[PDB]
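First, one chain by itself in structure tokens, the form deposited in one PDB entry.
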């Protein structure tokens, strides 16, 4: 349900995708990330087959952590129409708040495609 993202699959899964993606950049040892885990799963399940929801261990994969300016954890990004310019998510860390942000991002995505 939450797609595990790594340097090896990030391009294929996210960058080359026309799906809306939410990506959590986390560290396993981080208490804040640990508390987010169930809420991230909650969002991923609510968004099944609507929005793709992934997670990068940015503690391990510093390459990806460095690329998206991850200085601390969790860092949440929204990958919309321009996959080269993700938006930083600064909303609430509940599944409910994340889902609302995803819906807003979808509205923006489809409206831009329409023109």
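Positions refer to the first chain, counted from 1.
Comparing the deposited coordinates for 51 to 59 and 85 to 93, the stretch with the larger average C-alpha B-factor is 85 to 93. Stretches 18 to 26 and 103 to 111 differ in mean CA B factor, with 103 to 111 having the higher one. In this structure the maximum Cα B-factor among 67, 45, 37, 75 is found at 67.
The same protein also exists as the form solved in complex with a partner chain; that form is not shown, yet it is the one meant from here on.
The three marked residues, 30, 74 and 90, each reach the partner chain in the deposited complex, with a heavy atom inside 4.5 Å.
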